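Asks: Structure provided below as structure tokens; questions to follow.
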Amino acid sequence: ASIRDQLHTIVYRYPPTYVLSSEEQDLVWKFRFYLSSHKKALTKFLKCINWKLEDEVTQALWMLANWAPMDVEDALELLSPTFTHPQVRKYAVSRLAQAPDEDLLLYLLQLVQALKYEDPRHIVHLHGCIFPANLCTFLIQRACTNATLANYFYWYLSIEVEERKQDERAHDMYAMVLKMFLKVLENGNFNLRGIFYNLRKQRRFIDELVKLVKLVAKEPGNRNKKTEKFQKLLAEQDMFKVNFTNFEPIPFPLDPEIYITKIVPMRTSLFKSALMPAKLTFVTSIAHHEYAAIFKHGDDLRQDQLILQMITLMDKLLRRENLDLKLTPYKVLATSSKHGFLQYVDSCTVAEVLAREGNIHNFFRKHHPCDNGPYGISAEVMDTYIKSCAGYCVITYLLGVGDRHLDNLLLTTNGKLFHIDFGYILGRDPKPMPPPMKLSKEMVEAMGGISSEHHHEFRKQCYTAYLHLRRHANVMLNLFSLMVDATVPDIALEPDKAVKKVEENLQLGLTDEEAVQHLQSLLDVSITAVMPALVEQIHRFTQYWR
Amino acid sequence: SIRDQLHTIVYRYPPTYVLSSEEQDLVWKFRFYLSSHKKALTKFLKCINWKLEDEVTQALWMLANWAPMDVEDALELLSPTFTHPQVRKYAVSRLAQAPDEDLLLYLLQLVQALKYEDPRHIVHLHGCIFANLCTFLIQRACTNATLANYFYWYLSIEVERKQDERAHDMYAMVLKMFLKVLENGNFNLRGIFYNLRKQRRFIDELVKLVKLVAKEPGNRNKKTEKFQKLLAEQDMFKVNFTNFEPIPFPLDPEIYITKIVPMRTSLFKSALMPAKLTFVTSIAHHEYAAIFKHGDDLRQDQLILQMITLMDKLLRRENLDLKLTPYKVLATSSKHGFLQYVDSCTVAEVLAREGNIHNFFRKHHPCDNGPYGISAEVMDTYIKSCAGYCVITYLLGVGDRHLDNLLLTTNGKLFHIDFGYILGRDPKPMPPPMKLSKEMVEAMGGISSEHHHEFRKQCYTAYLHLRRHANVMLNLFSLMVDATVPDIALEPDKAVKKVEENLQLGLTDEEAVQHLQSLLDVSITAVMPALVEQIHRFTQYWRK
Ligand SMILES: COc1ccc2c(nc(NC(=O)c3cccnc3)[n+]3cc[nH]c23)c1OC
Ligand SMILES: COc1ccc2c(nc(NC(=O)c3cccnc3)[n+]3cc[nH]c23)c1OC
């Protein structure tokens with residue numbers, strides 16, 4: 001029938017972590033031979049066969065070789081811990097190889113995590129080959145071809161390697177992977193050797209930077225005294241193995257593409273933030289262009305990088321759809337945990353804006369005034385602000401960010417708001433009862449209250465964003481499937497529910513009409529609870545029945 | 001082409017529109033051709049009379065040829081907007097085709113519509129007694145006996161500003177003529193006429209007696225005992241109340257009445273006090289109970305009941321039996337009427353009597369396996385009745401709801417009793433947009449309940465259906481502009497405009513549903529004490 005396939009389009013193309021396929025498995029088994037439709041299909045057939053019969057393997061493997069080729073994102077799942085079979089894993093690696101480098105970088109964090117799942121004997125056989133395509137040989141081969149990839153690959157492995165349970169099994173494995181990668185570069189040729197020297201430079205440079213930060217932390221003083229001490233140390237030359245006011249050009253670790261040269265001491269500040277991170281500036285190799293970054297000594301950033309990848313990727317997904325909310329997905333890396341960098345975007349924390357200029361409208365109006373509309377605020381600015389908001393409420397909801405407040409959100413003079421400091425993930429909040437959506441009175445007034453052409457514009461935008469994201473779920477879920485054993489604090493409290501929790505937020509059961517209605521619901525409770533008048537109005541309604 | 005869809009939007013959607021005034025006369029080129037469908041016609045007419053001498057002759061040829069009319073268009077054409085005598089003739093030829101039952105519903109508005117010109121038609125007929133509109137109403141009035149009844153009483157309230165004086169004059173001509181055509185008739189007319197006389201004589205007699213129960217001061221009990229002896233004592237009024245000749249009940253013509261029963265009459269708790277009397281039906285010593293109220297003009301309430309009745313019919317033709325109860329109401333004159341009475345307890349009553357609503361349903365219809373010890377279908381009739389009434393209340397902007405206002409039957413239907421406040425008007429400062437007792441929602445089993453989800457689902461679909469049949473209601477209300485209902489009178493112009501916002505026709509259906517959900521959410525949390533406490537904690541969050 002058509003009803004026969006109608007049952008199948010639902011299964012071929014709905015969730016990638018459902019067990020649900022039970023009797024259904026056999027239905028696919030037979031139509032499978034006739035219609036190996038698309039890449040989407042292959043992921044589903046694989047799930048049922050391998051483990052139970054020794055012979056099934058032979059028939060399915062032949063199907064896979066002929067099958068319409070899997071998409072890189074669907075391929076990720078195969079590297080998951082659920083699929084053991086050595087033959088299918090090789091296939092996934094072949095899919096990755098076909099993908100362009102830009103795509104490889106997004107996932108790289110996941111792939112590094114993926115190493116655990118891939119079998120130990122593959123890692124040791126290679127070690128034997130060097131010292132006295134399987135995935136891991138592959139990651140190294142590619143890391144070497146392209147300099148930026150080498151940089152990221154190195155920094156991810158390095159966080160893993162530094163110093164119990166399963167931790168010994170994985171630390172030992174990663175330690176080994178890194179040693180092999182460094183030995184391949186030391187040996188390679190000009191280009192490979194060249195990569196090796198630049199890493200050496202990055203590594204040496206940070207240690208000196210870290211040494212310096214540690215001296216600043218010791219000397220006692222309020223922030224201002226501490227920052228003055230910081231300015232002086234950088235400008236002290238030959239106190240340090242690297243001399244800051246000038247050095248030899250180093251590929252910035254945060255961005256390999258840009259070299260640095262010097263740092264400018266006067267331009268460096270420290271943040272109000274309770275862990276006291278520097279801003280730094282550098283000049284860089286071309287026409288003394290500034291760059292700044294932050295550099296943070298007190299926390300581990302691994303969790304923050306994961307979320308930023310999550311935001312970075314989501315923005316890409318919507319931009320492909322031609323939905324562009326002006327989100328800022330700033331670069332994080334951590335170095336070895338407890339330090340890291342972050343890209344700095346010029347912005348102002350919301351609370352700063354409110355203390356310094358009465359309300360948000362005044363602030364845009366100051367930077368971008370246009371008498372006519374909408375608020376004497378240049379039209380675009382308003383629009384970009386509306387869009388940035390929609391983008392974040394939906395993105396925050398899916399990732400269950402919590403512990404948001406005025407210190408945590410910022411504005412820009414263009415308009416965008418963005419978030420920062422995702423210390424609390426997947427519904428952990430220090431307060432007993434978060435609102436489902438995280439908006440502020442200050443922010444809603446920015447839109448003009450409930451009927452604004454503008455507020456209506458915002459809700460509409462969230463709905464379309466939510467719907468678009470629901471569609472691209474498979475990619476996000478597999479990426480989380482791969483962070484099970486991640487060593488992100490928020491994930492570790494219950495790793496099993498890590499992926500289960502994002503699925504619930506995604507609300508994949510419901511129809512589109514239903515999904516919007518459900519989301520619509522969350523915004524409303526949150527906005528009513530935020531607005532002073534809306535609560536007065538509800539008290540009045542309670543009063544009506546007396 | 002692509003104009004094919006944009007065409008169908010002006011056919012199926014817009015109900016009364018300025019929209020595209022330059023575009024009014026541009027649909028014209030492709031208009032001669034797609035005259036093929038019925039609804040098109042109503043829109044066709046809105047544009048052509050706007051210019052002087054010439055379109056006129058060509059458009060009727062278009063009109064006479066046009067795919068024929070649904071009755072609803074016709075309501076639009078009787079209205080004060082379309083002035084042309086042919087189109088009004090046309091509208092009447094449409095009415096002619098409608099079955100009597102339909103004329104019954106629209107009948108109330110039709111009496112009103114006659115209020116629009118031409119006066120010349122009525123004075124010509126006056127010169128003619130001593131199918132234009134009035135002539136039509138009369139002639140059909142005589143055709144049907146139940147119909148004739150309603151017509152008469154509707155006119156009689158109206159004859160009982162400086163332009164309330166001019167139409168009143170017109171109304172008297174129309175009533176008197178009707179009565180004159182009745183005397184002159186063949187047997188059956190005179191039979192109806194005679195009946196109308198009997199009815200009046202009787203009403204005036206009950207009125208004087210009723211006047212004599214209020215004239216006496218004292219306790220509520222003293223006035224009811226007085227009421228029993230007044231009806232008991234034969235022949236002090238020329239109509240004898242413990243027995244008289246078979247009369248067709250004025251409120252409901254089909255039932256015949258012999259007498260009242262005095263021991264059965266009781267008097268209600270309200271400050272201005274309504275009586276509940278039993279009557280006997282001419283047939284089978286069956287009884288019919290009703291209420292007779294002495295205080296106010298009931299024209300407002302009857303309008304709402306027409307509306308309820310109308311809405312139920314549409315939904316039932318949709319096979320949503322929402323289990324509405326639309327009891328019959330008639331105003332005899334301003335300050336007296338009859339209301340069908342339906343056995344029921346008022347919610348507040350049900351609550352003193354039983355802790356909560358389930359106990360009540362549980363006592364009358366218990367089943368051990370039925371959801372909350374009740375027959376599954378009793379709970380269902382309840383959910384559905386609730387749903388209907390939240391939607392209907394909403395479109396109609398009924399305010400003043402409280403627990404003496406909402407009655408409940410032993411069977412489960414919920415219904416609203418009293419309609420002093422319409423189209424938003426409410427004594428209280430802020431109405432909730434939807435009216436739900438805490439007690440009503442606990443009766444569902446809380447926001448948690450499955451039944452509660454069925455409740456909500458029912459409201460959206462009810463709402464969606466009624467939206468589809470907007471045209472019918474909007475025309476009916478357009479004819480109620482100069483109505484004499486207190487709440488249209490305050491803002492006559494804006495009155496019709498208010499129902500039209502409730503329908504929210506601007507919105508596509510996903511949007512419409514959404515909007516409605518919103519109203520329900522507000523109103524429900526407001527009532528629940530735990531949902532409020534939760535809004536409280538969220539408020540607490542940003543604060544710090
Ligand atoms: C004026 O204050 C800030 C301006 C820009 C900032 C900004 N902070 C940023 N990052 C953070 O301070 C941060 C802390 C902890 C974990 N993740 C991020 N950050 C990342 C990209 N742009 C910015 C400012 O401090 C409130
Ligand atoms: C328990 O008290 C009542 C039970 C049934 C009643 C009922 N009252 C009804 N009508 C009225 O009381 C009424 C007053 C003013 C305007 N419209 C209706 N009414 C309309 C149809 N069924 C019923 C009861 O009194 C509170």
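Residue numbering restarts at 1 in every chain; chains get A, B, ... in the order shown in the structure tokens, and ligands count up from 1 in that same order.
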List all protein, DNA and RNA residues that have at least one atom no more than 8 Å from any atom of ligand 1, counting only C-alpha atoms and all ligand atoms, and write them as a list in words.

Replies: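 Checking only C-alpha atoms and all ligand atoms against ligand 1 at 8 Å gives residues 271, 272, 273, 277, 294, 296, 299, 301, 304, 330, 331, 342, 343, 344, 345, 346, 347, 348, 349, 352, 407, 408, 410, 420, 421, 422 and 423 of chain A.
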
Asks: Show me which bits of chain A are within 10 Å of chain B, counting only C-alpha atoms, as a PyMOL selection string.

Replies: chain A and resi 403-406+431-436+438-441+512-514+516-518+520-521+524-532+534-535+537-546

Asks: Using only C-alpha atoms and all ligand atoms, find the one residue out of B:303, B:374, B:507, B:390 that sits nearest to ligand 2.

Replies: B:303

Asks: Against ligand 2, which residues of chain B fall within 8 Å? For each one I want the closest pair of atoms and the distance in Å (one decimal), counting only C-alpha atoms and all ligand atoms, rows by chain and increasing residue number, as CSV.

Replies:
residue,atom,partner,partner_atom_place_in_ligand_line,distance
B:268,CA,ligand 2,25 (O),6.6
B:269,CA,ligand 2,26 (C),7.6
B:270,CA,ligand 2,26 (C),7.8
B:274,CA,ligand 2,12 (O),7.1
B:291,CA,ligand 2,10 (N),7.0
B:293,CA,ligand 2,14 (C),7.5
B:298,CA,ligand 2,16 (C),7.1
B:301,CA,ligand 2,17 (N),6.4
B:327,CA,ligand 2,21 (C),5.8
B:339,CA,ligand 2,20 (C),6.1
B:340,CA,ligand 2,21 (C),5.5
B:341,CA,ligand 2,22 (N),3.8
B:342,CA,ligand 2,22 (N),4.1
B:343,CA,ligand 2,5 (C),5.6
B:344,CA,ligand 2,4 (C),5.0
B:345,CA,ligand 2,1 (C),4.3
B:346,CA,ligand 2,1 (C),4.8
B:349,CA,ligand 2,1 (C),7.2
B:404,CA,ligand 2,26 (C),6.2
B:405,CA,ligand 2,26 (C),7.0
B:407,CA,ligand 2,4 (C),6.7
B:417,CA,ligand 2,18 (C),5.1
B:418,CA,ligand 2,17 (N),4.1
B:419,CA,ligand 2,16 (C),6.1
B:420,CA,ligand 2,16 (C),7.2

Asks: What does the structure give for the distance between CA of residue 375 in chain B and CA of residue 363 in chain B, in Å to one decimal?

Replies: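 CA of residue 363 in chain B lies at a distance of 10.9 Å from CA of residue 375 in chain B.
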
Asks: I need the residues of range 322-485 of chain A that end up classed as alpha helix (DSSP H) by DSSP on the backbone, written out as a PyMOL selection string.

Replies: chain A and resi 350-356+360-367+379-398+441-447+453-471+473-481

Asks: Near residue 137 in chain B, counting only C-alpha atoms, which residues have an atom at most 12 Å away, once you skip same-chain residues fewer than 3 positions from it, shown as a ChimeraX atom specification?

Replies: /B:92-93,95-96,100,103-104,106-114,131-134,140-144,147-148,150-152,155,174-175,177-178

Asks: So that I can see what lies close to range 180-185 of chain B, please list as an MDAnalysis selection string the residues with an atom at most 9 Å from it, counting only C-alpha atoms and leaving out residues fewer than 4 positions away in the same chain.

Replies: chainID B and resid 129 138:139 142 175:176 189:194

Asks: Can you spit out the residues from that selection as a PDB file, in the first residue's frame, using N, CA, C and O atoms?

Replies:
ATOM      1  N   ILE B 129     -56.375  48.533   3.377  1.00  0.00           N
ATOM      2  CA  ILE B 129     -57.198  47.774   4.324  1.00  0.00           C
ATOM      3  C   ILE B 129     -58.368  48.609   4.850  1.00  0.00           C
ATOM      4  O   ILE B 129     -59.297  48.073   5.466  1.00  0.00           O
ATOM      5  N   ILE B 138     -47.047  39.485   7.415  1.00  0.00           N
ATOM      6  CA  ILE B 138     -48.468  39.295   7.692  1.00  0.00           C
ATOM      7  C   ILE B 138     -48.960  37.997   7.071  1.00  0.00           C
ATOM      8  O   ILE B 138     -49.445  37.117   7.772  1.00  0.00           O
ATOM      9  N   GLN B 139     -48.800  37.867   5.761  1.00  0.00           N
ATOM     10  CA  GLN B 139     -49.419  36.773   5.031  1.00  0.00           C
ATOM     11  C   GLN B 139     -48.962  35.426   5.556  1.00  0.00           C
ATOM     12  O   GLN B 139     -49.766  34.512   5.699  1.00  0.00           O
ATOM     13  N   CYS B 142     -50.340  34.450   9.105  1.00  0.00           N
ATOM     14  CA  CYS B 142     -51.661  33.810   9.093  1.00  0.00           C
ATOM     15  C   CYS B 142     -51.601  32.342   8.690  1.00  0.00           C
ATOM     16  O   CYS B 142     -52.478  31.544   9.063  1.00  0.00           O
ATOM     17  N   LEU B 175     -49.357  46.101  13.721  1.00  0.00           N
ATOM     18  CA  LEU B 175     -50.060  45.223  14.649  1.00  0.00           C
ATOM     19  C   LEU B 175     -51.550  45.231  14.330  1.00  0.00           C
ATOM     20  O   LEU B 175     -52.153  44.171  14.153  1.00  0.00           O
ATOM     21  N   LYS B 176     -52.132  46.427  14.228  1.00  0.00           N
ATOM     22  CA  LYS B 176     -53.578  46.568  14.056  1.00  0.00           C
ATOM     23  C   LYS B 176     -54.048  45.920  12.773  1.00  0.00           C
ATOM     24  O   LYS B 176     -55.091  45.255  12.762  1.00  0.00           O
ATOM     25  N   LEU B 189     -57.978  31.687  10.482  1.00  0.00           N
ATOM     26  CA  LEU B 189     -57.477  32.969  10.943  1.00  0.00           C
ATOM     27  C   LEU B 189     -58.250  33.372  12.183  1.00  0.00           C
ATOM     28  O   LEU B 189     -57.662  33.473  13.248  1.00  0.00           O
ATOM     29  N   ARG B 190     -59.571  33.533  12.060  1.00  0.00           N
ATOM     30  CA  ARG B 190     -60.440  33.911  13.201  1.00  0.00           C
ATOM     31  C   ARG B 190     -60.174  33.052  14.437  1.00  0.00           C
ATOM     32  O   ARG B 190     -60.226  33.545  15.574  1.00  0.00           O
ATOM     33  N   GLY B 191     -59.894  31.770  14.198  1.00  0.00           N
ATOM     34  CA  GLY B 191     -59.547  30.828  15.253  1.00  0.00           C
ATOM     35  C   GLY B 191     -58.295  31.278  15.972  1.00  0.00           C
ATOM     36  O   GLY B 191     -58.262  31.279  17.197  1.00  0.00           O
ATOM     37  N   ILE B 192     -57.277  31.672  15.202  1.00  0.00           N
ATOM     38  CA  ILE B 192     -56.025  32.214  15.745  1.00  0.00           C
ATOM     39  C   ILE B 192     -56.304  33.520  16.467  1.00  0.00           C
ATOM     40  O   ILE B 192     -55.828  33.739  17.574  1.00  0.00           O
ATOM     41  N   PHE B 193     -57.094  34.380  15.837  1.00  0.00           N
ATOM     42  CA  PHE B 193     -57.438  35.667  16.419  1.00  0.00           C
ATOM     43  C   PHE B 193     -58.069  35.432  17.771  1.00  0.00           C
ATOM     44  O   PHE B 193     -57.594  35.949  18.782  1.00  0.00           O
ATOM     45  N   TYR B 194     -59.125  34.628  17.792  1.00  0.00           N
ATOM     46  CA  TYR B 194     -59.798  34.322  19.034  1.00  0.00           C
ATOM     47  C   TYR B 194     -58.785  33.889  20.102  1.00  0.00           C
ATOM     48  O   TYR B 194     -58.761  34.446  21.199  1.00  0.00           O
TER      49      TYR B 194
END

Asks: Find the spatial neighbours of residue 391 in chain A, counting only C-alpha atoms, within a cut-off of 12 Å - ignore same-chain residues fewer than 4 positions away - and output them as a PyMOL selection string.

Replies: chain A and resi 311-312+314-315+318-319+323-329+384-387+395-398+416-419+458-466+468-469

Asks: Do a neighbour search on residue 358 in chain B at 10 Å with only C-alpha atoms, toss out local chain neighbours closer than 2 positions, and write the hits as a list in words.

Replies: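 Skipping anything fewer than 2 positions along the chain leaves residues 354, 355, 356, 360, 361, 362, 363, 366, 372, 373, 374, 379, 439, 440, 442, 443, 444 and 445 of chain B.
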
Asks: Can you tell me, as an NGL selection string, what residues are no more than 7 Å from range 162-168 of chain B when counting only C-alpha atoms, ignoring any on the same chain fewer than 4 positions away?

Replies: :B and (115 or 158 or 172)

Asks: With only C-alpha atoms as the atoms that count, which of B:32, B:198, B:412, B:467 lies nearest to residue 58 in chain B?

Replies: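 Closest candidate: B:32.
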
Asks: What residues in range 153-341 of chain B get the DSSP label strand (DSSP E or B)? Please answer as a ChimeraX atom specification.

Replies: /B:247-248,256-267,275-281,287-293,329-333,336-340

Asks: Can you write out the residues you just picked, keeping C-alpha atoms, as a short mmCIF file (atom, residue, chain, number, x, y, z; two decimals), in the first residue's frame?

Replies:
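Below is the file that was written, selection_10.cif:
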data_model
loop_
_atom_site.label_atom_id
_atom_site.label_comp_id
_atom_site.auth_asym_id
_atom_site.auth_seq_id
_atom_site.Cartn_x
_atom_site.Cartn_y
_atom_site.Cartn_z
CA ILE B 247 -55.48 28.04 25.78
CA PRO B 248 -52.27 27.59 23.82
CA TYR B 256 -52.23 23.72 25.53
CA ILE B 257 -53.12 24.83 29.10
CA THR B 258 -56.23 24.03 31.17
CA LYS B 259 -55.35 25.40 34.62
CA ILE B 260 -52.69 26.17 37.23
CA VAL B 261 -52.19 24.08 40.40
CA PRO B 262 -52.14 26.38 43.50
CA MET B 263 -50.63 24.05 46.16
CA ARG B 264 -47.69 23.60 43.74
CA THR B 265 -46.84 27.28 43.12
CA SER B 266 -43.67 28.48 45.02
CA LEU B 267 -41.91 31.85 45.14
CA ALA B 275 -43.03 32.87 40.81
CA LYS B 276 -42.81 29.26 39.68
CA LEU B 277 -46.27 27.88 38.78
CA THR B 278 -47.33 24.46 37.51
CA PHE B 279 -49.80 24.31 34.64
CA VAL B 280 -51.64 21.34 33.22
CA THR B 281 -51.36 20.52 29.55
CA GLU B 287 -47.63 19.06 33.58
CA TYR B 288 -45.53 21.94 32.28
CA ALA B 289 -43.65 24.16 34.71
CA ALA B 290 -42.72 27.76 34.00
CA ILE B 291 -41.68 30.99 35.72
CA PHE B 292 -43.40 34.36 35.56
CA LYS B 293 -41.33 37.45 36.33
CA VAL B 329 -38.04 32.73 27.13
CA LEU B 330 -40.72 35.23 26.12
CA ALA B 331 -41.32 38.75 27.32
CA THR B 332 -45.06 39.31 27.48
CA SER B 333 -44.41 43.01 27.80
CA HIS B 336 -43.23 40.69 32.61
CA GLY B 337 -42.33 37.48 30.84
CA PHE B 338 -42.31 33.74 31.01
CA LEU B 339 -39.28 31.51 31.21
CA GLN B 340 -39.23 27.82 30.58
#

Asks: Looking at only C-alpha atoms, which of B:16, B:502, B:300, B:410 is the one that sits closest to residue 79 in chain B?

Replies: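 Residue with the minimum atom-to-atom distance to residue 79 in chain B: B:16.
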
Asks: Considering only C-alpha atoms, state which residue in the set A:457, A:446, A:491, A:381 is at the smallest distance from residue 399 in chain A.

Replies: A:491

Asks: Rank nothing, just name the residue among B:409, B:97, B:391, B:369 nearest to residue 519 in chain B, using only C-alpha atoms.

Replies: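 Comparing B:409, B:97, B:391, B:369 against residue 519 in chain B, the winner is B:391.
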
Asks: Smallest atom-to-atom distance to residue 179 in chain B: which of B:226, B:457, B:88, B:197, using only C-alpha atoms?

Replies: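 Checking each of B:226, B:457, B:88, B:197 against residue 179 in chain B, counting only C-alpha atoms, the winner is B:197.
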